[PDB]
$ cat entry_17.cif   # mmCIF, C-alpha atoms and all ligand atoms
data_work
#
loop_
_atom_site.label_atom_id
_atom_site.label_comp_id
_atom_site.auth_asym_id
_atom_site.auth_seq_id
_atom_site.Cartn_x
_atom_site.Cartn_y
_atom_site.Cartn_z
CA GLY Y 148 14.01 19.24 12.18
CA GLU Y 149 13.67 15.44 12.42
CA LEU Y 150 11.57 13.25 10.13
CA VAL Y 151 8.59 11.80 11.98
CA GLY Y 152 6.38 10.38 9.23
CA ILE Y 153 4.72 10.87 5.86
CA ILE Y 154 1.18 11.52 4.64
CA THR Y 155 -0.01 10.53 1.15
CA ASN Y 156 -3.28 10.66 -0.76
CA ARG Y 157 -4.07 7.03 0.00
CA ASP Y 158 -4.09 7.99 3.68
CA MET Y 159 -6.10 11.16 3.09
CA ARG Y 160 -8.61 9.41 0.80
CA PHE Y 161 -9.34 6.75 3.44
CA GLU Y 162 -9.92 9.52 6.00
CA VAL Y 163 -13.21 11.38 6.39
CA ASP Y 164 -12.60 13.86 9.24
CA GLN Y 165 -11.06 16.87 7.47
CA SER Y 166 -10.57 18.72 10.77
CA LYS Y 167 -8.15 16.01 11.91
CA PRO Y 168 -4.47 16.90 12.40
CA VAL Y 169 -1.71 15.28 10.38
CA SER Y 170 -0.43 13.37 13.43
CA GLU Y 171 -3.60 11.22 13.51
CA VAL Y 172 -3.41 10.08 9.87
CA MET Y 173 0.27 10.01 8.91
CA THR Y 174 2.33 6.84 8.73
CA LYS Y 175 4.62 7.41 11.70
CA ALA Y 176 8.35 6.73 11.76
CA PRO Y 177 10.45 4.60 11.38
CA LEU Y 178 9.75 5.07 7.66
CA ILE Y 179 11.35 3.29 4.72
CA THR Y 180 14.06 5.89 4.02
CA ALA Y 181 17.49 6.05 2.40
CA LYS Y 182 20.80 7.82 2.96
CA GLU Y 183 22.55 10.44 0.84
CA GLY Y 184 24.64 9.11 -2.02
CA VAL Y 185 22.34 6.16 -2.72
CA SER Y 186 22.40 5.16 -6.36
CA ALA Y 187 19.21 5.40 -8.39
CA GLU Y 188 19.10 1.62 -8.84
CA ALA Y 189 19.19 0.88 -5.10
CA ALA Y 190 16.43 3.42 -4.47
CA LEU Y 191 14.35 1.75 -7.18
CA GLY Y 192 15.01 -1.61 -5.54
CA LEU Y 193 13.88 -0.34 -2.14
CA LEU Y 194 10.71 1.17 -3.61
CA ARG Y 195 10.03 -2.12 -5.40
CA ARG Y 196 10.66 -4.23 -2.29
CA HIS Y 197 8.47 -2.24 0.10
CA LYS Y 198 5.69 -1.43 -2.42
CA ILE Y 199 5.78 2.32 -1.79
CA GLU Y 200 5.99 5.27 -4.16
CA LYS Y 201 7.98 7.73 -2.01
CA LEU Y 202 11.42 7.44 -0.42
CA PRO Y 203 12.65 10.22 1.89
CA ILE Y 204 16.41 10.78 1.73
CA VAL Y 205 18.03 11.73 5.04
CA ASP Y 206 21.49 12.86 6.09
CA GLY Y 207 23.84 11.49 8.74
CA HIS Y 208 21.85 13.09 11.57
CA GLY Y 209 18.36 12.10 10.40
CA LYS Y 210 17.62 15.45 8.77
CA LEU Y 211 15.54 15.24 5.60
CA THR Y 212 17.62 16.16 2.56
CA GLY Y 213 15.60 14.87 -0.40
CA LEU Y 214 12.80 12.75 -1.79
CA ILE Y 215 12.84 10.09 -4.53
CA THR Y 216 9.64 8.99 -6.27
CA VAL Y 217 9.00 6.02 -8.54
CA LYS Y 218 6.99 8.37 -10.76
CA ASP Y 219 10.28 9.94 -11.87
CA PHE Y 220 11.56 6.55 -13.06
CA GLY U 148 -10.91 -23.05 -5.24
CA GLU U 149 -9.81 -22.01 -1.73
CA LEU U 150 -8.53 -18.45 -1.60
CA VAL U 151 -4.76 -18.20 -1.12
CA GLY U 152 -3.99 -14.56 -1.88
CA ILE U 153 -4.38 -11.65 -4.28
CA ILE U 154 -2.11 -10.16 -6.94
CA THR U 155 -2.46 -6.51 -7.99
CA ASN U 156 -0.65 -4.20 -10.38
CA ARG U 157 1.55 -2.77 -7.63
CA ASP U 158 2.95 -6.25 -6.95
CA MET U 159 3.63 -6.85 -10.66
CA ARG U 160 5.02 -3.33 -11.10
CA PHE U 161 7.77 -4.19 -8.60
CA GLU U 162 8.77 -7.61 -9.98
CA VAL U 163 11.16 -7.34 -12.92
CA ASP U 164 11.42 -11.05 -13.78
CA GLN U 165 8.48 -11.64 -16.13
CA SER U 166 8.76 -15.45 -15.93
CA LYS U 167 7.92 -15.67 -12.23
CA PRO U 168 4.84 -17.58 -11.05
CA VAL U 169 2.06 -15.91 -9.09
CA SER U 170 2.95 -17.81 -5.90
CA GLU U 171 6.23 -15.87 -5.61
CA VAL U 172 4.67 -12.41 -6.04
CA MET U 173 1.16 -12.53 -4.58
CA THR U 174 0.22 -11.14 -1.19
CA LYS U 175 -0.36 -14.39 0.68
CA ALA U 176 -3.25 -15.42 2.92
CA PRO U 177 -4.79 -14.52 5.31
CA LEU U 178 -5.92 -11.43 3.39
CA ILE U 179 -8.22 -8.67 4.54
CA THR U 180 -11.54 -10.23 3.48
CA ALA U 181 -15.19 -10.08 4.49
CA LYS U 182 -18.13 -12.47 4.62
CA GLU U 183 -21.23 -12.47 2.44
CA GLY U 184 -23.93 -9.97 3.35
CA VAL U 185 -21.47 -7.28 4.43
CA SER U 186 -22.96 -3.90 3.61
CA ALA U 187 -21.27 -1.41 1.31
CA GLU U 188 -20.69 0.76 4.39
CA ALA U 189 -18.76 -1.88 6.34
CA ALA U 190 -16.84 -2.93 3.22
CA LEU U 191 -15.85 0.70 2.61
CA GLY U 192 -14.89 1.05 6.26
CA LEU U 193 -12.60 -1.97 6.05
CA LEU U 194 -11.03 -0.69 2.82
CA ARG U 195 -10.46 2.67 4.54
CA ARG U 196 -8.98 1.10 7.67
CA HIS U 197 -6.50 -1.17 5.88
CA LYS U 198 -5.58 1.25 3.05
CA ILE U 199 -6.32 -1.21 0.24
CA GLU U 200 -8.44 -0.98 -2.90
CA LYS U 201 -9.80 -4.55 -3.11
CA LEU U 202 -11.83 -6.77 -0.78
CA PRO U 203 -12.49 -10.46 -1.40
CA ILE U 204 -15.93 -11.58 -0.19
CA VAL U 205 -16.07 -15.19 0.99
CA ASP U 206 -18.89 -17.44 2.18
CA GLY U 207 -19.21 -19.41 5.42
CA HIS U 208 -16.71 -22.03 4.20
CA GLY U 209 -13.96 -19.66 3.04
CA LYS U 210 -14.88 -19.89 -0.65
CA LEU U 211 -14.62 -16.68 -2.65
CA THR U 212 -18.03 -15.40 -3.75
CA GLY U 213 -17.44 -11.73 -4.56
CA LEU U 214 -15.03 -8.84 -4.89
CA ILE U 215 -15.68 -5.28 -3.70
CA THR U 216 -13.54 -2.41 -4.98
CA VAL U 217 -13.17 1.19 -3.82
CA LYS U 218 -13.30 2.24 -7.47
CA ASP U 219 -17.00 1.38 -7.46
CA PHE U 220 -17.74 3.83 -4.64
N1 LIG W 1 8.73 5.86 2.87
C1 LIG W 1 7.63 5.25 3.31
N2 LIG W 1 7.74 4.39 4.34
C2 LIG W 1 6.64 3.77 4.79
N3 LIG W 1 5.38 3.88 4.34
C3 LIG W 1 5.30 4.73 3.32
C4 LIG W 1 6.35 5.44 2.75
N4 LIG W 1 5.89 6.24 1.71
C5 LIG W 1 4.61 6.00 1.68
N5 LIG W 1 4.18 5.10 2.62
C6 LIG W 1 2.81 4.64 2.84
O1 LIG W 1 2.45 3.78 1.78
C7 LIG W 1 1.02 3.88 1.56
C8 LIG W 1 0.74 4.12 0.10
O2 LIG W 1 1.11 5.48 -0.23
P1 LIG W 1 1.76 5.84 -1.64
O3 LIG W 1 2.18 7.26 -1.57
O4 LIG W 1 2.74 4.81 -2.03
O5 LIG W 1 0.49 5.74 -2.60
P2 LIG W 1 -0.47 6.85 -3.24
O6 LIG W 1 0.36 7.78 -4.04
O7 LIG W 1 -1.34 7.39 -2.18
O8 LIG W 1 -1.34 5.94 -4.23
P3 LIG W 1 -2.47 6.15 -5.36
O9 LIG W 1 -1.74 6.67 -6.58
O10 LIG W 1 -3.10 4.79 -5.59
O11 LIG W 1 -3.44 7.16 -4.78
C9 LIG W 1 0.51 4.96 2.51
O12 LIG W 1 -0.07 4.38 3.67
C10 LIG W 1 1.78 5.75 2.84
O13 LIG W 1 1.70 6.40 4.11
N1 LIG W 2 -7.49 -7.41 0.36
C1 LIG W 2 -6.17 -7.27 0.46
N2 LIG W 2 -5.55 -7.75 1.56
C2 LIG W 2 -4.23 -7.61 1.68
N3 LIG W 2 -3.38 -7.03 0.83
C3 LIG W 2 -4.01 -6.56 -0.25
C4 LIG W 2 -5.37 -6.64 -0.51
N4 LIG W 2 -5.67 -6.05 -1.73
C5 LIG W 2 -4.51 -5.64 -2.17
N5 LIG W 2 -3.46 -5.91 -1.33
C6 LIG W 2 -2.06 -5.56 -1.52
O1 LIG W 2 -1.91 -4.19 -1.21
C7 LIG W 2 -1.04 -3.55 -2.17
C8 LIG W 2 -1.81 -2.48 -2.92
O2 LIG W 2 -2.80 -3.10 -3.77
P1 LIG W 2 -4.05 -2.26 -4.30
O3 LIG W 2 -4.81 -3.13 -5.22
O4 LIG W 2 -4.75 -1.64 -3.15
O5 LIG W 2 -3.33 -1.13 -5.16
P2 LIG W 2 -3.01 -1.01 -6.72
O6 LIG W 2 -4.28 -0.99 -7.47
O7 LIG W 2 -1.97 -2.01 -7.07
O8 LIG W 2 -2.34 0.44 -6.76
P3 LIG W 2 -2.24 1.67 -7.80
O9 LIG W 2 -3.67 1.96 -8.21
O10 LIG W 2 -1.60 2.83 -7.06
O11 LIG W 2 -1.39 1.15 -8.93
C9 LIG W 2 -0.47 -4.68 -3.02
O12 LIG W 2 0.75 -5.16 -2.47
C10 LIG W 2 -1.57 -5.74 -2.95
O13 LIG W 2 -1.06 -7.05 -3.17
MG MG W 3 0.08 5.40 -8.03
MG MG W 4 -4.98 3.70 -7.12
#
$ encode --input "entry_17.cif" --output "structure tokens" --more "lines below"
Ligand SMILES: Nc1ncnc2c1ncn2[C@@H]1O[C@H](COP(=O)(O)OP(=O)(O)OP(=O)(O)O)[C@@H](O)[C@H]1O
Ligand SMILES: Nc1ncnc2c1ncn2[C@@H]1O[C@H](COP(=O)(O)OP(=O)(O)OP(=O)(O)O)[C@@H](O)[C@H]1O
Ligand SMILES: [Mg+2]
Ligand SMILES: [Mg+2]
Amino acid sequence: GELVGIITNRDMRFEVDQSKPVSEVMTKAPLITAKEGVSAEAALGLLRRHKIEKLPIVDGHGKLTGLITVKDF
Amino acid sequence: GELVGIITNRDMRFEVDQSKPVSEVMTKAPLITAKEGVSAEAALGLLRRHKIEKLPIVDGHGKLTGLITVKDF
């Protein structure tokens, strides 16, 4: 139940071997994530600073509890 | 005319101050580039390895002489 990475279409596009597992392509942790209760503005600032479109939201124990995208803004 | 970086729409999407110069926003050198005579296959392989959409092509002296994009493929 712990977050160990993320896989997006920029990774999958630049990958040819379809039979590959996710573990060989994904961006492995530590990811750019945020904690519960983060304001929208701070999440937007983090997405702007790190030039990413997805921000996993995790709890106190590292369990994934949400996902914020810049597409929603 | 010596190449000192690249600025793309992701960089300018994540800078709110519209009066900023390029030097403050651009991804600075050394960039992922390639030399003249690189085949489309090696250029595509580099773009796939480094998860970027653009590839400056420079000559033997570091001067920019082309630009290869994944959108063309
Ligand atoms: N939270 C994160 N922390 C670290 N890297 C991340 C995070 N989210 C995404 N990335 C990485 O950022 C890169 C770009 O992925 P992103 O999802 O931002 O673009 P995309 O939706 O694939 O883009 P496009 O719309 O151009 O196809 C990928 O290598 C991805 O693994
Ligand atoms: N050749 C390169 N070397 C290093 N960094 C680069 C290179 N080309 C682009 N970048 C940087 O990589 C990031 C993504 O740029 P890229 O042009 O690949 O995507 P984009 O066209 O802005 O994305 P999107 O289509 O999702 O809006 C930006 O921060 C950009 O400055
Ligand atoms: Mg996009
Ligand atoms: Mg794109």
$ closest_residue --input "entry_17.cif" --among "U:169, U:189, U:217, U:205" --to "chain Y" --atoms "all atoms listed in the file"
U:217
$ closest_atom_pairs --input "entry_17.cif" --of "chain U" --to "ligand MG 4 (chain W)" --cutoff "9 Å" --atoms "all atoms listed in the file" --output "Markdown table"
| residue | atom | partner | partner_atom | distance |
| --- | --- | --- | --- | --- |
| U:199 | CA | W:MG4 | MG | 8.9 |
| U:200 | CA | W:MG4 | MG | 7.2 |
| U:218 | CA | W:MG4 | MG | 8.5 |
$ residues_near_ligand --input "entry_17.cif" --ligand "ligand LIG 2 (chain W)" --cutoff "7 Å" --atoms "all atoms listed in the file" --output "number ranges by chain"
Y: 198; U: 153-158, 173-174, 178-180, 198-203
$ write_last_selection --input "entry_17.cif" --atoms "C-alpha atoms" --output "PDB file, in the coordinates of the input"
ATOM      1  CA  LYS Y 198       5.690  -1.430  -2.420  1.00  0.00           C
TER       2      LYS Y 198
ATOM      3  CA  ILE U 153      -4.380 -11.650  -4.280  1.00  0.00           C
ATOM      4  CA  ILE U 154      -2.110 -10.160  -6.940  1.00  0.00           C
ATOM      5  CA  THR U 155      -2.460  -6.510  -7.990  1.00  0.00           C
ATOM      6  CA  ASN U 156      -0.650  -4.200 -10.380  1.00  0.00           C
ATOM      7  CA  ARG U 157       1.550  -2.770  -7.630  1.00  0.00           C
ATOM      8  CA  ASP U 158       2.950  -6.250  -6.950  1.00  0.00           C
ATOM      9  CA  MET U 173       1.160 -12.530  -4.580  1.00  0.00           C
ATOM     10  CA  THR U 174       0.220 -11.140  -1.190  1.00  0.00           C
ATOM     11  CA  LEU U 178      -5.920 -11.430   3.390  1.00  0.00           C
ATOM     12  CA  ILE U 179      -8.220  -8.670   4.540  1.00  0.00           C
ATOM     13  CA  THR U 180     -11.540 -10.230   3.480  1.00  0.00           C
ATOM     14  CA  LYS U 198      -5.580   1.250   3.050  1.00  0.00           C
ATOM     15  CA  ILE U 199      -6.320  -1.210   0.240  1.00  0.00           C
ATOM     16  CA  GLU U 200      -8.440  -0.980  -2.900  1.00  0.00           C
ATOM     17  CA  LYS U 201      -9.800  -4.550  -3.110  1.00  0.00           C
ATOM     18  CA  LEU U 202     -11.830  -6.770  -0.780  1.00  0.00           C
ATOM     19  CA  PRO U 203     -12.490 -10.460  -1.400  1.00  0.00           C
TER      20      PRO U 203
END
$ interface_residues --input "entry_17.cif" --of "chain Y" --to "chain U" --cutoff "10 Å" --atoms "all atoms listed in the file" --output "PyMOL selection string"
chain Y and resi 157-163+191-200
$ atom_distance --input "entry_17.cif" --atom1 "CA of residue 185 (chain U)" --atom2 "atom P1 of ligand LIG 1 (chain W)"
27.4 Å
$ atom_distance --input "entry_17.cif" --atom1 "CA of residue 216 (chain Y)" --atom2 "atom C8 of ligand LIG 1 (chain W)"
12.0 Å
$ atom_distance --input "entry_17.cif" --atom1 "atom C7 of ligand LIG 1 (chain W)" --atom2 "CA of residue 183 (chain Y)"
22.5 Å
$ residues_around --input "entry_17.cif" --residues "residue 148 (chain Y)" --least-positions-apart "4" --cutoff "9 Å" --atoms "all atoms listed in the file" --output "VMD selection string"
chain Y and resid 209 to 211
$ closest_residue --input "entry_17.cif" --among "Y:166, Y:171, Y:176, Y:184" --to "residue 213 (chain Y)" --atoms "all atoms listed in the file"
Y:184
$ axis_aligned_box --input "entry_17.cif" --around "ligand LIG 1 (chain W)" --padding-each-side "4 Å" --output "lines of an AutoDock Vina configuration file"
center_x = 2.6
center_y = 5.8
center_z = -0.9
size_x = 20.2
size_y = 12.0
size_z = 19.4
$ decode --input "entry_17.cif" --residues "chain U" --atoms "C-alpha atoms" --output "compact mmCIF listing (two decimals), in the first residue's frame"
# COMPACT_ATOMS: atom_id res chain seq x y z
CA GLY U 148 25.24 32.81 -31.62
CA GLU U 149 26.50 30.18 -29.15
CA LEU U 150 23.72 28.02 -27.77
CA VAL U 151 22.88 28.73 -24.13
CA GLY U 152 19.59 26.92 -23.57
CA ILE U 153 16.05 26.31 -24.78
CA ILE U 154 12.67 27.69 -23.73
CA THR U 155 9.47 25.70 -24.32
CA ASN U 156 5.80 26.20 -23.54
CA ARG U 157 6.01 24.13 -20.35
CA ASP U 158 8.57 26.57 -18.94
CA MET U 159 6.42 29.58 -19.85
CA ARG U 160 3.26 27.85 -18.61
CA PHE U 161 4.80 27.71 -15.13
CA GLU U 162 6.08 31.31 -14.91
CA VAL U 163 3.37 33.77 -13.91
CA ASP U 164 5.39 36.99 -14.19
CA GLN U 165 5.03 37.97 -17.84
CA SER U 166 7.81 40.60 -17.67
CA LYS U 167 10.60 38.11 -16.94
CA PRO U 168 13.51 37.71 -19.36
CA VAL U 169 14.31 34.40 -21.03
CA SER U 170 17.52 33.97 -19.00
CA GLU U 171 15.48 33.48 -15.81
CA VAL U 172 13.13 30.84 -17.27
CA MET U 173 15.07 28.87 -19.88
CA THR U 174 16.53 25.43 -19.31
CA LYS U 175 20.21 26.31 -19.22
CA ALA U 176 23.14 24.68 -20.99
CA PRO U 177 24.46 22.03 -21.39
CA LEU U 178 21.29 20.75 -23.07
CA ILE U 179 20.65 17.35 -24.59
CA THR U 180 21.93 18.06 -28.11
CA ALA U 181 23.42 16.15 -31.03
CA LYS U 182 25.96 16.80 -33.76
CA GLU U 183 25.33 17.22 -37.48
CA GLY U 184 24.83 14.04 -39.46
CA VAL U 185 22.98 12.24 -36.67
CA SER U 186 20.41 9.93 -38.22
CA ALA U 187 16.70 10.21 -37.51
CA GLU U 188 17.02 6.90 -35.64
CA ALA U 189 19.68 8.10 -33.19
CA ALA U 190 17.90 11.45 -32.75
CA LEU U 191 14.66 9.62 -31.94
CA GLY U 192 16.54 7.33 -29.57
CA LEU U 193 17.97 10.31 -27.69
CA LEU U 194 14.55 11.98 -27.51
CA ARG U 195 13.13 8.72 -26.16
CA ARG U 196 15.91 8.27 -23.60
CA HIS U 197 15.73 11.79 -22.15
CA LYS U 198 11.92 12.21 -22.36
CA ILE U 199 12.03 15.50 -24.28
CA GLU U 200 10.37 16.67 -27.48
CA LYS U 201 13.13 18.87 -28.96
CA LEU U 202 16.75 18.29 -29.96
CA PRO U 203 19.15 21.05 -30.97
CA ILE U 204 21.62 19.97 -33.66
CA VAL U 205 25.01 21.68 -33.47
CA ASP U 206 28.11 21.61 -35.65
CA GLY U 207 31.71 20.80 -34.72
CA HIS U 208 32.15 24.21 -33.04
CA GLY U 209 28.99 24.16 -30.90
CA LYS U 210 26.99 26.40 -33.24
CA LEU U 211 23.33 25.52 -33.68
CA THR U 212 22.57 24.25 -37.19
CA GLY U 213 19.27 22.40 -36.82
CA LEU U 214 16.37 21.35 -34.63
CA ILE U 215 14.77 17.89 -34.59
CA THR U 216 11.34 17.39 -33.03
CA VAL U 217 9.44 14.25 -32.08
CA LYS U 218 6.33 15.82 -33.63
CA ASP U 219 7.90 15.24 -37.05
CA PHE U 220 8.19 11.48 -36.47
